[PDB]
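>>> just the starting chains for now, same placement as in the complex:
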Amino acid sequence: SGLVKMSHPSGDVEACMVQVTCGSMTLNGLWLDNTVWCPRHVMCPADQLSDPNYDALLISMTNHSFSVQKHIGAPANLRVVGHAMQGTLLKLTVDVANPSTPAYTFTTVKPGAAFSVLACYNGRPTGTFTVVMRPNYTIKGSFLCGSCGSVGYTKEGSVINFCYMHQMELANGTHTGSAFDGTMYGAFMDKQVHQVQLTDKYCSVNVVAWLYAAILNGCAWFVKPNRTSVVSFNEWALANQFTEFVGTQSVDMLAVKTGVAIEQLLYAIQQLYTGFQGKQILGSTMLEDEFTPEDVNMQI
């Protein structure tokens, strides 16, 4: 028992990190087979960090303009042999195939899904943490300058699902990247400028999962016969900043084991939104939406 946030073991992903460097601009690269993905703002100097014609920067660039170096080991130097643009990413093709390429896939996440991040600086992994993809389409992480390109992923069996490559910071402590198809999550642009983000809804399903976890592992008190039909709750959610609760088998499993119905909870969450009191429940003091239903079962 006990409920902490966990990232996946990073060994397999760590072996794919490299440092892409375009002149004086330098960031992080993902190396799989003999392709190196990295963010496209690496080819942007400083003066034009504003309104850059990327298609012009793309044709401007030539293979000799780039460099990439594996610091992990054994290194080291790979020859950039071909380049293309794929949305906000830049798809570098390289001399050698990564002998440590895992069984991998490229998938996008939805709000409320979780993935683990490998935070790298100059192609050197430094830390990992798990994050949830937000409703406004941002993540709350901790990344510093030169962290761009650092990746997010999940593991389905032996296959490592790659879902994120960090791009930039917006707001304070709030971040975005793109998916490996090139699409920035939530439209944002790969250039820092006025692009203020939509408001943050609370992940209602994840809260519900979190509250089931708390019913296990201890208490479990606010649970009363008072309930709120998922349909009346989802109407309330529109006004009060919660997501539209859907629910799943994974959630039913949590209901059945505890013996507490979904609704008895959906009610409760309405009362702790106001009553930020308890005093606490697990964590926390009130409302964690970072813990998915997938997670909560996985930790029993």
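Arrived safely. Numbering: from 1, shown residues only, chains lettered A, B, ... in the order given.
>>> flag every buried residue along the strand or helix carrying residue A:294.
In this structure, residue A:294 sits in helix A:293-298 according to DSSP states H and E. Of the residues in helix A:293-298, A:293, A:295-297 count as buried by neighbour count, 16 or more other CB atoms under 10 Å. C-beta coordinates here come from the backbone N, C-alpha and C atoms, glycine included.
>>> give me the contacts around stretch A:131-144.
A:109-117, A:119, A:121, A:129, A:150, A:152, A:164, A:166, A:169-171, A:173-177, A:185-188, A:197-201, A:203, A:206, A:243, A:289-290, A:292 (CB atoms under 8 Å, 6 or more residues apart in numbering).
>>> can you map out the helices along the stretch 151-300 of chain A?
Counting by DSSP state H, counting those that start in this stretch, one finds helices in the stretch 151-300 of chain A at the ranges A:204-215, A:230-240, A:249-258, A:262-274, A:293-298.
>>> okay, those helices, which one's buried deepest?
Mean neighbour counts were taken over the helices of the stretch 151-300 of chain A using mean count of other CB atoms under 10 Å, and the top value, a mean of 25, falls to helix A:204-215.
>>> just want the angle from that one to helix A:230-240.
Per axes from the mean of the first three to the mean of the last three CA atoms, to 10 degrees, the angle that helix A:204-215 makes with helix A:230-240 is 110 degrees.
>>> wait, what's in contact with residue A:272?
For residue A:272, the set of contacting residues under the criterion of CB under 8 Å, 6+ apart consists of A:222, A:278, A:286-287.
>>> can you do 7 Å?
Contact analysis of residue A:272 by CB atoms under 7 Å, 6 or more residues apart in numbering lists A:222, A:286-287.
>>> ok, now residue A:279?
Taking CB under 7 Å, 6+ apart as the test, what residue A:279 contacts is residue A:285.
>>> one more: residue A:105?
Listed by CB under 7 Å, 6+ apart, the contact set of residue A:105 reads A:159, A:161-162.
>>> which among those gets closest to residue A:81?
Sorting the contacts of residue A:105 by how near they are to residue A:81, with CB to CB, puts residue A:162 at the top with 22.1 Å.
>>> what bridges to the closest one?
Residue A:162 forms beta bridges with residue A:106, residue A:153, as assigned by DSSP bridges.
>>> and residue A:21, by the same measure?
residue A:26.
>>> in a markdown table, list the contacts of residue A:105 along with neighbour count and distance to residue A:30.
Shown next, in a markdown table, are these (neighbours: other CB atoms under 10 Å; distance: CB to CB, whole Å):
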| residue | neighbour count | distance to residue A:30 |
| --- | --- | --- |
| A:159 | 13 | 16 |
| A:161 | 18 | 13 |
| A:162 | 23 | 7 |
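>>> include chain B too:
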Amino acid sequence: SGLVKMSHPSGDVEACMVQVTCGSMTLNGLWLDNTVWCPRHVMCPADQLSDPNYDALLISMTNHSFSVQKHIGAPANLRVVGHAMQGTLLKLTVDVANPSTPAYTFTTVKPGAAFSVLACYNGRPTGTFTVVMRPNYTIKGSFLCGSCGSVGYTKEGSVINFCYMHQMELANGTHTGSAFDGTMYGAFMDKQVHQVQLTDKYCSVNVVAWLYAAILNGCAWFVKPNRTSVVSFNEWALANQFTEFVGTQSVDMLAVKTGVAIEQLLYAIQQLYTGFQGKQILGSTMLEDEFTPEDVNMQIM
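To build on what is shown above, here is chain B added in:
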């Protein structure tokens, strides 16, 4: 910025996890050079949890009483050729050396310092998460049955500092283990007898760090002119389940960049124990002490 919880990369340590088995008892061991470390309760059957004298159990063991499999690329089977017991750990010696043995040390961590745990199950890594060693010498982590043998570590530069091996759950949803000198964390004994506590205290130096990070993210209001000497505080700390703020760590540095005096926070913490206003500080209305000064530095240096 943000301030999330970061375990170190697990790579190096994942390479060193194996499965150990004795009787039909099976747990996670750590393989370094020609040496495999695992909790000593593996060789207990189940009927001896009350008075397992391991002194007895270690003699009755032959090398050929233990199977040890790696499981992770590249597999797998390794052959024991030298057993031993050192405190609550088991020290095995095996026919082959780990070719992916990192640079490492054993170092006993102190309360309030943090480290990354690699959760294992049948010699298989499964999750990592950072955690803090509490005052009461427990860690409030997440394990299940089987994970025993799981290991906690702190990467110092190019070196791994092994500081934990997971041994049991104090039937609480909090956990303790051994260090890699044999010694248990807290003076506990590895047994099914019901065991005591040693209440928690808030890690003062860690709350202070957190409050700085709040200021670094623009959260201040709890700040005032007031102060309260370090020693003043430490006297009060005793009475209210807080640790002696030795702090006095080369940070500071957080005191230097914020221009907010360490003592000022000692006053604010004092009132925030009373309070809150209630405003919130980085999404909380209770003092958070699982973040070290170093975390706050690394995370915004």
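>>> in light of the added chain B, please revisit the contacts of stretch A:131-144.
By CB atoms under 7 Å, 6 or more residues apart in numbering or on different chains, the surrounding residues in contact with stretch A:131-144 are A:109-115, A:117, A:119, A:129, A:150, A:166, A:169-170, A:173-176, A:185-186, A:197-201, A:203, A:206, A:243, A:289-290, B:1-4, B:299.
>>> from the residues you listed, which would you call buried?
In the contacts of stretch A:131-144, burial by neighbour count holds for A:109, A:111-115, A:117, A:119, A:129, A:150, A:166, A:169, A:173-176, A:185-186, A:201, A:203, A:206, A:243, A:289-290, B:1-4, B:299, counting by 16 or more other CB atoms under 10 Å in any protein chain shown.
>>> and those residues, which of them are in strands?
With strands taken from DSSP state E, the overlap with the buried ones among the contacts of stretch A:131-144 comprises A:114-115, A:117, A:119, A:129, A:166, A:169, A:174-176.
>>> which ones among these come in contact with chain B?
Residues of those in contact with chain B (CB under 7 Å from any CB of the partner chain): residue A:129.
>>> identify the farthest-apart pair in the ones in strands among the buried ones among the contacts of stretch A:131-144.
Taking CB to CB as the measure, these reach their widest spread between A:114 and A:169, a distance of 20.4 Å.
>>> who in chain A is up against chain B?
Listed as neighbours of chain B in chain A under the rule CB under 7 Å from any CB: A:1-11, A:14, A:125, A:127-129, A:140-142, A:172-173, A:217, A:276, A:280, A:285, A:299.
>>> quick check: domain ranges of chain A?
Using curated CATH domains, the domains assigned to chain A come out as A:1-14+A:103-200, A:15-102, A:201-300.
>>> list the residues that contact the residue lying closest to residue A:40 once chain neighbours are set aside.
Spatial nearest neighbour of residue A:40, chain neighbours left out: residue A:90 (4.1 Å); criterion: CB to CB, 6 or more residues apart in numbering or on different chains. With contact set as CB under 7 Å, 6+ apart, residue A:90 has these partners: A:38-40, A:42-43, A:83.
>>> who does residue A:90 form a beta bridge with?
residue A:38, residue A:85.
>>> ok, and the closest non-adjacent residue to the residue of the stretch 51-200 of chain A at minimum distance from chain B?
When distances are taken as CB to the nearest CB, the stretch 51-200 of chain A approaches chain B most closely through residue A:173, which lies 3.1 Å from it. Excluding its sequence neighbours, the residue lying closest to residue A:173 (CB to CB, 6+ apart) is residue B:2, at 3.1 Å.
>>> and that neighbour, backbone torsions?
Residue B:2 has phi and psi values of phi 70, psi -60 when expressed as degrees, to the nearest 10.
>>> one step back: now for the contacts of residue A:90: which two are most distant?
For those, the farthest-apart pair by CB to CB is A:39 and A:83; their separation is 13.4 Å.
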